[PDB]
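*Asks:* Fold the following for me, if possible:
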Amino acid sequence: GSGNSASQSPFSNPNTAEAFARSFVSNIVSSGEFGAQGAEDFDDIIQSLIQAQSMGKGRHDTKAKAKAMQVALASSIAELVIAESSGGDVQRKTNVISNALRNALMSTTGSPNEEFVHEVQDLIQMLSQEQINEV
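*Replies:* Numbers count the residues shown, from 1 in each chain. Next comes the structure:
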């Protein structure tokens, strides 16, 4: 990961994505008290995010793959949360990730975008009520 400017989308810029993932999980360590999953497992997600970029998940187009990455990442968080939400309160635990995510944005772009957080939260809550797991 490198310090790149004009980092509007952290998912289109591989260097920014690396920093986003590492910063997010760094927040997650404090967050970890909300689940048995632990910040430890999230390190794998960092590796996954980096590899997925080079592999080419979503689409070949950098802009499109970036947009797909943020959705996929939110889905990844849901998978983690739904498991843990089976042993606690959904809103409380969802809020914890929101706390980690918000700081991650502030650290990487300098702009706290609640919209993305709400989208992640809505996604988790939606799949929480609906209960659908895609293998």
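*Asks:* Relative to residue 72, how far out is residue 49?
*Replies:* Applying C-beta to C-beta, to the nearest Å, the value for residue 49 to residue 72 is 9 Å. No exception for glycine: its C-beta is placed from N, CA and C like everyone else's.
*Asks:* for this protein, which helix is longest?
*Replies:* helix 62-84 (DSSP state H).
*Asks:* Next, the buried residues of whichever helix or strand comes after that one.
*Replies:* Going down the chain from helix 62-84, the next helix or strand is helix 90-108, by DSSP states H and E. Within helix 90-108, the residues scored as buried using 16 or more other C-beta atoms under 10 Å are 90, 93-94, 96-105, 107-108.
*Asks:* From the contact counts, what lies against helix 90-108?
*Replies:* Packing contacts for helix 90-108, counted by 3 or more C-beta pairs under 8 Å, 6 or more residues apart in numbering; DSSP states H and E, involve helix 14-31, helix 62-84, helix 114-130.
*Asks:* Now render those as JSON lines, adding distance to residue 4.
*Replies:* JSON lines is the format used below for these (distance: least, C-beta to C-beta, whole Å):
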{"stretch": "helix 14-31", "distance to residue 4": "5"}
{"stretch": "helix 62-84", "distance to residue 4": "14"}
{"stretch": "helix 114-130", "distance to residue 4": "19"}
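*Asks:* looking at these, which is closest to residue 54?
*Replies:* For residue 54, the closest of the helices and strands packed on helix 90-108 is helix 14-31, at 7.5 Å, according to C-beta to C-beta.
*Asks:* List the buried residues of that closest one.
*Replies:* 14, 16-28, 31.
*Asks:* and the nearest residue to residue 28 once chain neighbours are set aside, how many neighbours does it have?
*Replies:* Residue nearest to residue 28 in three dimensions, not counting chain neighbours: residue 39, with 4.5 Å by C-beta to C-beta, 6 or more residues apart in numbering. Residues within reach of residue 39, counting by other C-beta atoms under 10 Å, total 18.
*Asks:* Thanks a lot, see you next time.
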